[PDB]
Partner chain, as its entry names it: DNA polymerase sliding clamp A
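Just one chain is shown here, as structure tokens, and it is the form deposited without the partner chain.
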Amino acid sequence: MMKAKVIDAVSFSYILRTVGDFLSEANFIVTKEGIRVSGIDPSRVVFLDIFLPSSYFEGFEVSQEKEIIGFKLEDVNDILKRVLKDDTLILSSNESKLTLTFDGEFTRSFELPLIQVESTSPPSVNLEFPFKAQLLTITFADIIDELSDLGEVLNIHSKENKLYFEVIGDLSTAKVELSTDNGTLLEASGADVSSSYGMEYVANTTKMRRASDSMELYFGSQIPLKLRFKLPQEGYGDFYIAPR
């Protein structure tokens, strides 16, 4: 049995809505330490590791050491799509059912039967990246959502502490300069990788804007693109994307 109350239900909604762009099935792995959601997509290019600590929740309890709640994402996302502005989401689970309850002007809850789903994680990280960059999630979401039109492949690289986002489309290649001397980056260190990534995989992480104020970006030549969307109260939404 598990109970967790989410004040900013709309924000929470956008986290799980992202996961749904990559996974069709996942587990809520609820522990005394918090709630974890992870898994690899069918194409095996993306592993995601999303941790929401107990403090992320307004009153949080779990009766056991560990509880595994299997759910189809589109079912949970559709339910979560019915959230109102002033509502507060409360997740509970028992022996057979996963329940999501909206509490506002009135109370309304949706029940979904527990699903069995393979918790294989992992299998990805023992990584140290040559380049790391801190930036606000908002500006990241501007650059990617406005670059997503052109190109199947996002080729990003760094040079003089400045981070360049290049995409090679049909007619001409357009690049976006992100730096601290520019205003878009907060902090950045390292040198001097050049890699390319599946554009659809990156563009599908931009809704984390509505859930994360700031983020970290890790990349390197020949090695995965790690996006760490810093979540409220020390949470985090990790997304590793394999290189093209």
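Numbering follows the first chain given and starts at 1.
Keep in mind that the form solved in complex with the partner chain is missing from the display, and what follows is about it.
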Practice prompt. Could you confirm whether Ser38 comes within 4.5 Å of the partner chain in the bound PDB entry, counting heavy atoms only?
Written response: no
Discussion item. Can you tell me if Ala174 lies within 4.5 angstroms of the partner chain in the bound PDB entry, counting non-hydrogen atoms only?
Written reply: yes
Practice prompt. Decide whether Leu150 counts as a contact residue for the partner chain in the bound PDB entry under a heavy atom distance cut-off of 4.5 Å.
Written response: yes
Fill in: Contact test in the bound PDB entry: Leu73 vs the partner chain, heavy atoms, 4.5 Å
no
Item to complete: Work out which of the listed stretches, 175 to 183, 38 to 46, 22 to 30, 214 to 222, brings a heavy atom within 4.5 angstroms of the partner chain in the bound PDB entry.
Response: 175 to 183
Practice prompt. Would you kindly say which of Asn155, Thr139, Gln134, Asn161 lies with a heavy atom within 4.5 Å of the partner chain in the bound PDB entry?
Written response: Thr139
Worksheet, complete the sentence: Students should find that, of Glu128, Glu118, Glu146, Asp86, the residue having a non-hydrogen atom no more than 4.5 angstroms from the partner chain in the bound PDB entry is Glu146
